[PDB]
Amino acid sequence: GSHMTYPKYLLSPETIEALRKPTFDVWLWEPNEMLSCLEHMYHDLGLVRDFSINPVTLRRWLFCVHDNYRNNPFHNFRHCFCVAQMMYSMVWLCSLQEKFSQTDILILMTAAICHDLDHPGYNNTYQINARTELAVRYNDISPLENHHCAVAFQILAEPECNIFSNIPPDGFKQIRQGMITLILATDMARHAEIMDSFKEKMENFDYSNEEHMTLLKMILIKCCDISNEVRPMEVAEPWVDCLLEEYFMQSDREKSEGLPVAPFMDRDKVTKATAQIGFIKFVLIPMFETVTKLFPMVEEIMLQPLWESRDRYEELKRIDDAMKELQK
């Protein structure tokens, strides 16, 4: 509709609009444009307003978070943009602003954005088995996540990046604590435990009970973190090739170094379709199914796509198997 042309990092009104939905094409955007989006989220959600974030600091902070992600095939800045943007979608799709405080929203967002800071592209199993410095340092306890978290607060400690610089120390402490819980919650080692906790509370969920809410926030950050297959098929599908890229880098290394190899990461045994059929069926669907009990609109917007994806990979699998049978 626009009478002249703008720079990319001036998001158009349509981009700003699209950004509220999970249909958003995360791939269309370069890092600056992504950084502008994350910026707008913080303003749009009323977090700049309500926590007096100096708006140039918001930017420096974002820029600096971005510098601290690595160029991993999957665990990179675009990943965090996805996780952050899915949280944003969900604040709208589940009207989280009715249920949550702005302090909770600020934690969900800053945790989302930071939750994979300085990821090395090899998981906790590698760290632990290779007895890496991180694994030694964190006593084999959620080493990566504890690391992301530390880098998170090291950035915020720099005064030019400190988006919380104008929050009272009580609020800071409250934000810090949420952020830590949430970022450690993203360790998939704890998935069944966290899911069981949540389901127990879900027997009689209570929005005024802090414990209930911490479990809900943990499920929300977990949803956004592994949510790629909720996105449109053209947007989701390239991620899987990236994740397999990293997964294979590790299992090569693991073979060469004489360490155990996850069959789910073993080049020789994972294929895409088999990888995702199981993840969608037994991790993603069930998780969003229980979310839907609190937020029924989540079914239409996020279970449906997951069903379609499950069903397509089932189709693709039927065809791989035929063909891999002609390799023999």
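Residue numbers run from 1 along the displayed sequence. Basically, rigid core = biggest C-alpha set you can superpose within 1.5 Å across the two forms.
Averaged over structures and residues, the CA distance from the shown form in 8 other deposited structures of this protein after a core fit is larger for 316 to 324, of the two stretches 19 to 27 and 316 to 324. Higher average CA B factor: 315 to 323, of the stretches 302 to 310 and 315 to 323.
As recorded in the PDB entry, 288 to 296 is the stretch of 288 to 296 and 49 to 57 with the greater mean C-alpha temperature factor. When the C-alpha B factors of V26, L38, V283, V270 are read from the deposited coordinates, the top value falls at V270. Within the selection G121, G178, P143, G258, the deposited Cα B-factor values reach their highest point at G258. Per the PDB record, residue ranking by Cα B-factor puts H212 in the middle third of the chain. Sort the modelled residues of the chain by CA B factor and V65 lands in the lowest third. Placement of the Cα temperature factor of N228 within the chain: middle third of the modelled residues, per the deposited record. For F153, the recorded CA temperature factor ranks within the lowest third of the chain's modelled residues.
Sort the modelled residues of the chain by CA B factor and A192 lands in the middle third.
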